[PDB]
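I have placed the structure first, in the form of structure tokens, so that the comments after it can refer back to it.
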Amino acid sequence: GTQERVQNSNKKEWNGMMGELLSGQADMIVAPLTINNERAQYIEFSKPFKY
Amino acid sequence: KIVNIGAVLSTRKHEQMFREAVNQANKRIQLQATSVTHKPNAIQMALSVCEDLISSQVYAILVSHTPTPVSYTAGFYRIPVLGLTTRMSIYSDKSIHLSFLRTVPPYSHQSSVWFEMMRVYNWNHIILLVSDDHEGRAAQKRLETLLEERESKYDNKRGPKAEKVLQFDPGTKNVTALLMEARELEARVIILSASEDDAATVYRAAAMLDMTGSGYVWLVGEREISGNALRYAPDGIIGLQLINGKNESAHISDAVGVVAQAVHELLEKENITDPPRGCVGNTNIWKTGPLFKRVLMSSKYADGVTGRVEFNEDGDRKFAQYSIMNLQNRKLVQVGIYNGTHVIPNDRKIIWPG
Amino acid sequence: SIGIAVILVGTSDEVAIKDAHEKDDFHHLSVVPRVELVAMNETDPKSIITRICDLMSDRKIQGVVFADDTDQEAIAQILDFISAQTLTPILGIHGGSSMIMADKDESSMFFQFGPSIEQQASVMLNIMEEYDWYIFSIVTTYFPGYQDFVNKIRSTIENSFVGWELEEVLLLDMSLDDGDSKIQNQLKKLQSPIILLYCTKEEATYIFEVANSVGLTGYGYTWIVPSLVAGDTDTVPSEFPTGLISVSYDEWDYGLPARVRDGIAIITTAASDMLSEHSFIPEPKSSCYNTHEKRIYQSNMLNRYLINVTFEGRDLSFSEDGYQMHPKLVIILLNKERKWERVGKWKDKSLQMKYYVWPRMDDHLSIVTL
Amino acid sequence: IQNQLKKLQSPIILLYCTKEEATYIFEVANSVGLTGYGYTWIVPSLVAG
Ligand SMILES: *[C@@H]1O[C@H](CO)[C@@H](O)[C@H](O)[C@H]1NC(C)=O
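Residue numbers (the deposited numbering), protein chains in the order written: chain U, 506 to 556; chain B, 25 to 52, 58 to 94, 103 to 190, 204 to 404; chain A, 34 to 394, 403 to 411; chain E, 216 to 264.
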């Protein structure tokens with residue numbers, strides 16, 4: 506999941522996995538999913554289930 | 025110098041009430062009355078009014094049942118207008134009509150019955166629907182304009211939610227898929243404020259797929275609980291209507307009373323030039339047209355038949371009254387609303403859908 | 034059958050005579066324009082409809098071009114009303130009948146010249162970007178539009194990887210005469226270099242007269258304003274400070290002849306495409322008001338084929354809502370000569386200024410590298 | 216004056232004035248609105264006296 510400014514309109518849109526949730530498609534994300542500062546804005550995360 | 029006033033359209037059952045009111049003034058500034066009947070193919074109806082009303086140096090205009106370019110025309114020359122019996126909220130603007138000053142609540146502002154029918158039962162989950170037109174688009178804008186409040190300024207208070215809205219055309223075609231996107235959601239409080247012909251089609255298409263059973267809770271607006279709505283709807287709904295509604299004369303008195311109540315406050319400005327007389331051949335502006343329109347924004351007399359006339363910042367009627375309807379098998383019960391601002395109960399049999 | 038006219042009404046510019054016949058490539062549009070170029074005197078709404086309908090029923094003009102010279106901000110809507118039940122494409126041109134009119138009916142076909150507030154805001158952002166200072170606070174009044182103004186920023190302050198920011202989006206209220214203790218107190222909470230605005234001249238002079246009493250009009254800040262303060266382009270109410278930037282366009286670019294030539298070209302190019310894509314042309318209706326039997330008739334849909342059309346050249350594409358798709362505007366700095374300059378121009382997302390570095394009205406220096 | 220001191224930022228401010236002078240300057244401060252919570256003016260006796 507990243508922020509690709511798709512062509513024909515310079516607008517941000519999440520991609521693939523990290524966007525399959527915010528698009529209302531998914532319900533919950535269990536994965537090796539990382540914790541940056543970017544994603545923490547829109548979606549809320551669990552506690553760290555590893556280090 | 026006697027001041028004059030004139031009607032617009034089919035108020036044929038009122039031609040004596042205005043005169044009786046005019047007599048009711050100097051015994052409560059010579060005043061009179063005049064009128065005209067509208068005609069189909071409104072194009073000439075626009076022109077057919079000037080050399081008769083803007084000719085006699087009018088000071089106001091009174092319309093009734103789609104008000105004509107009296108919305109537009111009197112704006113030219115800046116002639117303040119106090120119309121009635123018209124609803125569609127497009128006249129909400131201040132830059133499409135220079136002085137449109139309505140005396141009803143316009144079908145948008147009926148928002149706050151909902152937000153005051155939901156924040157008494159502690160509900161917080163909703164959905165919404167509007168159809169592609171300006172009126173509801175305002176109603177959508179209205180509802181999404183209020184729900185920002187009720188936030189935490204009292205010391206960690208919380209409020210309701212505003213779940214995914216929908217949009218659709220006037221809807222000659224099916225609506226299933228749009229609805230199909232809403233079914234699997236986790237709420238039931240549905241609103242739908244488009245129109246009669248829209249409500250009938252949407253109910254006719256919605257009763258096919260059984261999203262219209264129990265648990266659902268509908269809070270519908272005025273023009274969707276009448277007309278063809280009774281020919282295709284299943285009950286349980288919570289409809290809305292006003293306490294005077296489509297009537298004849300409970301209101302011309304209020305009109306002329308608000309008109310006359312300011313004339314004493316006008317005559318002390320030493321700038322009381324009139325609007326010109328004679329529609330044809332005028333290129334200036336009566337420099338107290340918008341002013342005479344604006345000073346009516348403070349007329350405070352409660353002695354109207356439906357008393358307490360007072361216009362909002364938009365100049366439309368404020369502190370109105372409604373009738374919290376309901377549909378049973380075929381009955382239409384009532385409970386009284388707001389006492390003006392609060393909520394009050396009235397003993398009746400409230401059922402919910404199913 | 035479709036008549037085409039030009040109707041200049043009451044000004045000092047009766048110049049449209051010797052120039053409307055250099056468009057002789059309209060035989061490729063396979064229609065001859067019945068070019069009646071009446072010119073009426075000063076006209077009133079009674080006379081307005083009088084002349085317009087007399088002509089539409091005698092000169093029988095199935096597409097018109099208007100002009101005027103006055104600050105009458107409602108005339109266009111009257112034609113919109115005419116165009117509705119008469120089904121007449123109409124193009125208000127000169128300042129006046131072409132001013133910004135937001136929401137009209139869905140059935141008519143009346144269009145305009147000039148920028149809608151969307152473009153008149155986006156160019157604001159491009160200005161702020163090109164000179165490398167990034168958006169700061171907005172200030173607004175209750176005048177209609179804001180609920181469509183702040184959205185156009187908050188849908189472009191975001192979809193751009195650049196580093197936008199934001200400040201307190203204020204919202205005033207003026208016409209209360211008891212809350213003068215609640216406006217200065219609302220505008221005493223800004224500490225940003227750039228500050229927008231969106232109001233009308235009456236509230237404009239008032240805010241600036243009270244803003245000057247807050248500490249935001251002199252040196253250091255640069256108020257900017259869209260075209261509504263761009264009205265009578267000769268005023269300097271004493272409470273206005275220098276440096277006030279804006280955006281508009283009135284006459285400095287295109288004169289009336291080519292402008293009315295622009296219009297005739299538009300309408301005739303329209304007459305080309307549909308009547309060349311197909312071979313069906315509108316009908317000569319009987320009257321506009323006193324039909325009394327021809328209020329019930331059929332309607333056509335030419336009003337779709339007037340979106341993607343040019344001058345065999347520059348893009349004169351049109352919307353479905355109605356304003357110039359890619360409009361030609363300018364940018365003006367309020368000089369200390371109490372006049373309005375020309376310090377830019379916009380065309381297809383571009384900016385070219387007579388200045389490289391922005392001047393002042403010396404903590405700023407200019408150093409050389411290799 | 217009304218715009219001469221609007222670039223002050225430091226959470227402290229000293230001063231040196233007299234009663235009516237002080238009142239004028241404070242009305243100016245309010246008209247700019249830079250004496251809310253956080254700024255803590257400190258004035259000698261000639262205002263106290
Ligand atoms: C409406 O009901 C409220 C409920 O507290 C009360 O103030 C009064 O009975 C009524 N009138 C007003 C103005 O609230």
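Ideal Cβ placement from N, Cα and C applies to all residues, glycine included.
- The segment 319-337 of chain B makes contact with the segment 75-89 of chain A, as at least three CB pairs between them are under 8 Å.
- A straight line joining the alpha-carbon of residue 279 of chain A with that of residue 282 of chain B spans about 56 Å.
- Think of a sphere of 9 Å around the beta carbon of residue 351 of chain A: no beta carbon from chain U falls inside it, the nearest being about 21 Å out.
- In the three-state reduction of the DSSP assignment, residue 177 of chain B falls in the helix class, which pools H, G and I.
- Residues of chain A whose Cβ lies closer than 8 Å to the Cβ of residue 278 of chain B do not exist; the shortest such Cβ separation is about 22 Å.
- Between residue 180 of chain A and the set B:45, B:70, B:67 and B:130, the nearest pair of CA atoms involves B:130.
- Between residue 193 of chain A and residue 515 of chain U, the CB-CB gap stays under 9 Å.
- Taking a Cβ-Cβ cut-off of 9 Å, residue 544 of chain U has no neighbours in chain A, whose nearest Cβ is about 16 Å from it.
- Here the alpha carbon of residue 65 of chain A sits roughly 47 Å from the alpha carbon of residue 183 of chain A.
- Using beta-carbon distances, residue 250 of chain A counts as an interface residue toward chain E, with a partner under 9 Å.
- Chain-ordered, the chain A residues with CB closer than 9 Å to the CB of residue 515 of chain U read 192, 193 and 194.
- Setting aside the 5 residues that flank it on each side, residue 275 of chain A is surrounded in the same chain by 367, 369 and 394, each with a C-beta closer than 7 Å to its C-beta; the list follows chain order.
- Closer than 8 Å to some heavy atom of ligand 1: that describes the Cβ of residue 389 of chain B.
- Sorting B:37, B:75, B:33 and B:28 by C-alpha distance to the C-alpha of residue 323 of chain A places B:75 at the top.
- Burial state of residue 259 of chain B is exposed, judged by a 10 Å Cβ sphere holding fewer than 16 other Cβ atoms.
- Closest in C-alpha terms to residue 254 of chain B, from the list B:106, B:274 and B:235, comes B:274.
- When the alpha-carbon of residue 126 of chain B is set against those of B:116, B:179 and B:115, the nearest one is in B:179.
- Distances between the C-beta of residue 38 of chain B and the heavy atoms of ligand 1 are all 8 Å or more.
- Residue 368 of chain B and residue 145 of chain B have their C-alpha atoms spaced approximately 13 Å apart.
- In this chain, the beta strand (DSSP E) harbouring residue 291 of chain B covers 290-292.
- Linking residue 384 of chain A to residue 378 of chain A through their CA atoms gives a straight-line distance of about 6 Å.
- At a Cβ-Cβ threshold of 9 Å, residue 390 of chain A and residue 248 of chain E do not count as neighbours.
- Residue state for residue 288 of chain A is assigned as coil, using DSSP reduced to three classes.
- Per DSSP, the beta-bridge partners of residue 100 of chain A are A:41.
- When Cβ pairs closer than 8 Å are counted between the two stretches, the segment 530-542 of chain U is seen not to touch the segment 36-43 of chain B, the count staying below three.
- The closest heavy atom of ligand 1 lies 8 Å or more from the beta carbon of residue 301 of chain B.
- Below the 9 Å Cβ cutoff, chain B contributes 331 and 333 as neighbours of residue 75 of chain A, in chain order.
- For ligand 1, a non-hydrogen atom lies closer than 8 Å to the CB of residue 392 of chain B.
- Annotation note: the segment 325-403 of chain B contains the following uninterrupted alpha helix (DSSP H) runs of length 4 or greater, listed N- to C-terminal: 339-344.
- By the Cβ rule, the segment 63-73 of chain B counts as touching the segment 103-120 of chain A, because three or more pairs are nearer than 8 Å.
- Residue pairing for residue 113 of chain B: DSSP places it in no beta bridge.
- A:158 is the residue among A:173, A:158 and A:172 whose C-alpha sits nearest the C-alpha of residue 166 of chain A.
- For the pair residue 252 of chain B and residue 225 of chain B, the CB atoms are nearer than the 9 Å cut-off.
- At a cut-off of 9 Å between beta carbons, residue 253 of chain A contacts chain E.
- Per the C-alpha coordinates, the member of B:182, B:238 and B:116 positioned closest to residue 162 of chain B is B:238.
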